[PDB]
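Have a look at the structure below before the remarks.
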Amino acid sequence: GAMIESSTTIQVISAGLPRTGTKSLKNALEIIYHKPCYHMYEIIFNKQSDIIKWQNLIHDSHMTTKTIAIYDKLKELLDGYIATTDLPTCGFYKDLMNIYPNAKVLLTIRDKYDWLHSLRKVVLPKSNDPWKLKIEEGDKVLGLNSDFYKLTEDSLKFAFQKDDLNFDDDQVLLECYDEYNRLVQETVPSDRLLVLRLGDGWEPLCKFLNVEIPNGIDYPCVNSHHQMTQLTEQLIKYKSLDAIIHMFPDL
Ligand SMILES: Nc1ncnc2c1ncn2[C@@H]1O[C@H](COP(=O)(O)O)[C@@H](OP(=O)(O)O)[C@H]1O
Ligand SMILES: CC(C)NC[C@@H]1CCc2cc(CO)c([N+](=O)[O-])cc2N1
């Protein structure tokens with residue numbers, strides 16, 4: 001159809017948790033809107049200076065006048081982006097809805113056991129898993145320290161609305177997953193919500209957003225734990241991102 005001039009502001013709020021296809025969705029939204037989408041990748045590879053701001057925001061966000069100060073920081077962080085996905089943003093979906101009243105909301109979901117397994121390989125390995133040491137070695141190469149891991153934990157706790165959380169307990173996480181997804185579908189008006197199951201592809205997304213399907217471009221399939229294992233190993237081998245970045249065309 002016709003080309004229209006789209007506003008550069010948050011148009012889509014994705015409430016889906018990490019390891020539910022948020023990076024493919026990030027890529028898909030950038031393909032559609034030709035402007036950046038927020039993601040943890042954005043923080044890691046472009047705005048590491050944002051880490052302390054999100055930490056500060058989450059610190060303050062257990063609390064009107066205080067709220068507008070929070071909302072204004074949210075707005076600042078997201079300036080120039082057309083959508084949000086993944087931690088740390090997904091836990092703020094209700095506030096993002098107030099701040100951007102004309103934004104639509106997405107929920108990415110998948111089989112809960114697949115989600116947990118993926119989360120253990122990439123985001124939250126058990127502390128006694130030898131792989132955790134490899135993840136940490138690789139993360140140092142990227143310039144990520146304990147503050148980054150703190151942001152991940154605090155933003156997970158914030159999304160799950162838990163004051164603390166036994167990260168090593170699979171049953172706890174599985175139940176938090178189910179409750180989170182459930183709560184989203186109860187909070188957001190069905191008029192304003194689309195639930196995307198992994199594998200659903202362009203069609204239901206583009207219909208929701210009133211856009212044509214990108215011509216000839218397949219719906220992204222990136223950020224598998226196998227690919228992330230390969231990246232970790234390469235990072236440890238070459239000791240830099242820029243030495244290997246050409247081998248991971250997604251980034
Ligand atoms: N188009 C697609 N179809 C099926 N699975 C997809 C997909 N895009 C991403 N995924 C899966 O979504 C997960 C990544 O999610 P996220 O980007 O939120 O971290 C990965 O799961 P696995 O680790 O099980 O392979 C990846 O395989
Ligand atoms: C060793 C190296 C490969 N680590 C980099 C990866 C990149 C993907 C990723 C994604 C998330 C959430 O999307 C989190 N997270 O919020 O913890 C951590 C990481 N870490």
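Identifiers in the structure tokens: chain A, B, ... in order shown; residue index from 1 per chain; ligand index from 1 in order shown.
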
Skipping near chain neighbours, those fewer than 4 positions away, what residues fall within 12 Å of segment 233-248 of chain A using only C-alpha atoms, listed as a JSON list (two decimals) with N, CA and C atoms, in the first residue's frame?
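Result file follows (result.json):
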```json
[["chain", "number", "residue", "atom", "x", "y", "z"],
["A", 44, "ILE", "N", 23.37, -3.40, 25.95],
["A", 44, "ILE", "CA", 24.67, -4.06, 25.93],
["A", 44, "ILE", "C", 25.59, -3.49, 24.86],
["A", 45, "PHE", "N", 25.05, -3.30, 23.66],
["A", 45, "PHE", "CA", 25.90, -2.96, 22.52],
["A", 45, "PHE", "C", 25.93, -1.48, 22.16],
["A", 131, "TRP", "N", 28.78, -23.73, 33.14],
["A", 131, "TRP", "CA", 28.57, -22.79, 32.03],
["A", 131, "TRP", "C", 28.50, -21.34, 32.51],
["A", 133, "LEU", "N", 30.34, -19.80, 34.45],
["A", 133, "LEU", "CA", 31.68, -19.23, 34.46],
["A", 133, "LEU", "C", 32.09, -18.76, 33.06],
["A", 134, "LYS", "N", 31.62, -19.48, 32.04],
["A", 134, "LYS", "CA", 31.85, -19.11, 30.64],
["A", 134, "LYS", "C", 31.04, -17.89, 30.24],
["A", 135, "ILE", "N", 29.79, -17.84, 30.67],
["A", 135, "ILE", "CA", 28.97, -16.65, 30.46],
["A", 135, "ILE", "C", 29.64, -15.42, 31.07],
["A", 136, "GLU", "N", 30.17, -15.55, 32.28],
["A", 136, "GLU", "CA", 30.80, -14.41, 32.94],
["A", 136, "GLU", "C", 32.10, -13.99, 32.26],
["A", 137, "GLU", "N", 32.89, -14.95, 31.82],
["A", 137, "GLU", "CA", 34.11, -14.63, 31.09],
["A", 137, "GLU", "C", 33.79, -13.88, 29.80],
["A", 138, "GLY", "N", 32.80, -14.38, 29.05],
["A", 138, "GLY", "CA", 32.38, -13.72, 27.82],
["A", 138, "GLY", "C", 31.81, -12.32, 28.04],
["A", 139, "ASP", "N", 31.00, -12.17, 29.09],
["A", 139, "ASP", "CA", 30.41, -10.87, 29.40],
["A", 139, "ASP", "C", 31.48, -9.81, 29.74],
["A", 140, "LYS", "N", 32.58, -10.23, 30.37],
["A", 140, "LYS", "CA", 33.67, -9.30, 30.67],
["A", 140, "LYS", "C", 34.28, -8.74, 29.39],
["A", 141, "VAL", "N", 34.37, -9.58, 28.37],
["A", 141, "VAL", "CA", 34.89, -9.16, 27.07],
["A", 141, "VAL", "C", 34.02, -8.04, 26.48],
["A", 142, "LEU", "N", 32.71, -8.11, 26.73],
["A", 142, "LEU", "CA", 31.78, -7.08, 26.27],
["A", 142, "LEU", "C", 31.80, -5.83, 27.14],
["A", 143, "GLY", "N", 32.48, -5.89, 28.28],
["A", 143, "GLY", "CA", 32.54, -4.75, 29.18],
["A", 143, "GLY", "C", 31.41, -4.73, 30.20],
["A", 222, "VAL", "N", 16.17, -15.34, 15.30],
["A", 222, "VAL", "CA", 17.52, -15.09, 15.81],
["A", 222, "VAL", "C", 17.56, -15.26, 17.31],
["A", 223, "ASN", "N", 18.77, -15.31, 17.87],
["A", 223, "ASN", "CA", 18.99, -15.27, 19.32],
["A", 223, "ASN", "C", 18.66, -16.58, 20.03],
["A", 226, "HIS", "N", 21.65, -21.79, 21.18],
["A", 226, "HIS", "CA", 22.78, -22.36, 20.44],
["A", 226, "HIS", "C", 23.66, -21.27, 19.85],
["A", 227, "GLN", "N", 23.04, -20.26, 19.25],
["A", 227, "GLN", "CA", 23.80, -19.14, 18.72],
["A", 227, "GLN", "C", 24.51, -18.37, 19.84],
["A", 228, "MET", "N", 23.84, -18.22, 20.99],
["A", 228, "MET", "CA", 24.43, -17.50, 22.11],
["A", 228, "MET", "C", 25.59, -18.28, 22.74],
["A", 229, "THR", "N", 25.52, -19.60, 22.68],
["A", 229, "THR", "CA", 26.63, -20.44, 23.13],
["A", 229, "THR", "C", 27.82, -20.23, 22.20]]
```

Could you pull the residues within 9 Å of segment 68-81 of chain A, counting only C-alpha atoms, minus those fewer than 6 positions along the same chain, as a PDB file with C-alpha atoms, in the first residue's frame?
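File written: part_12.pdb
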```pdb
ATOM      1  CA  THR A   8       8.986   8.647  15.963  1.00  0.00           C
ATOM      2  CA  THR A   9       7.643   7.709  19.399  1.00  0.00           C
ATOM      3  CA  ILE A  10       6.719   4.479  21.225  1.00  0.00           C
ATOM      4  CA  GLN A  11       4.055   2.785  19.065  1.00  0.00           C
ATOM      5  CA  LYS A  35      13.531   3.253  13.474  1.00  0.00           C
ATOM      6  CA  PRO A  36      15.143   1.621  16.534  1.00  0.00           C
ATOM      7  CA  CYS A  37      13.449  -0.715  18.976  1.00  0.00           C
ATOM      8  CA  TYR A  38      14.626  -0.929  22.620  1.00  0.00           C
ATOM      9  CA  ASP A  50      21.879   3.421  30.496  1.00  0.00           C
ATOM     10  CA  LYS A  53      19.723   4.866  34.950  1.00  0.00           C
ATOM     11  CA  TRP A  54      17.486   1.787  34.742  1.00  0.00           C
ATOM     12  CA  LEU A  57      14.590   3.889  37.962  1.00  0.00           C
ATOM     13  CA  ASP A  60      12.815   4.494  42.766  1.00  0.00           C
ATOM     14  CA  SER A  61       9.877   2.638  41.188  1.00  0.00           C
ATOM     15  CA  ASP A  95       3.342   2.610  33.173  1.00  0.00           C
ATOM     16  CA  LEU A  96       4.421   2.679  29.549  1.00  0.00           C
ATOM     17  CA  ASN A  98      -0.040   5.581  30.609  1.00  0.00           C
ATOM     18  CA  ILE A  99       2.929   7.429  29.167  1.00  0.00           C
TER      19      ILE A  99
END
```

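The two atoms in question, atom CA of residue 62 of chain A and atom CA of residue 153 of chain A, are spaced 15.3 Å apart.
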
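Distance annotation: of A:132, A:207, A:23, A:59, the residue with the minimal separation from ligand 1 is A:23; atom set is only C-alpha atoms and all ligand atoms.
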
Problem - residue 124 of chain A environment, 10 Å, only C-alpha atoms, sequence neighbours closer than 2 positions dropped, as a PyMOL selection string - result: chain A and resi 116-122+126-127+132+135+149+152-153+167-168

Problem - Exercise: residue 198 of chain A partners within 9 Å, only C-alpha atoms, chain neighbours under 3 positions left out, as an MDAnalysis selection string - result: chainID A and resid 20:21 108:111 201

Exercise for the section: Kindly indicate which residue among A:215, A:24, A:187, A:56 lies nearest to ligand 2, using only C-alpha atoms and all ligand atoms for the distances. Expected result: A:24

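If only C-alpha atoms are the atoms counted, then among A:64, A:102, A:85, A:185 the closest residue to residue 15 of chain A is A:85.
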
Practice task
Could you give me, as number ranges by chain, each residue of segment 8-57 of chain A that DSSP assigns to helix (DSSP H, G or I) when run on this structure's backbone?
Solution key: A: 22-33, 40-45, 50-57

Exercise for the section: Between atom CA of residue 46 of chain A and atom CA of residue 104 of chain A, measure the distance and give it in Å to one decimal. Expected result: 25.5 Å

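Closest to ligand 2 among A:34, A:197, A:150, A:192 is A:150, based on only C-alpha atoms and all ligand atoms.
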
Handout entry: For residue 172 of chain A: contacts at 12 Å, only C-alpha atoms, fewer than 6 positions along chain excluded, given as an MDAnalysis selection string
Key = chainID A and resid 116 157 160 162 164:166 178:179

Problem - Neighbour list for residue 151 of chain A as a ChimeraX atom specification, cut-off 9 Å, only C-alpha atoms, skip fewer than 4 positions in-chain - result: /A:51-52,54-55,58,87-88,146-147,155-156

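All residues within segment 34-213 of chain A that the backbone DSSP calculation assigns to strand (DSSP E) are residues 37, 38, 83, 84, 104, 105, 106, 107, 108, 109, 193, 194, 195, 196 and 197 of chain A.
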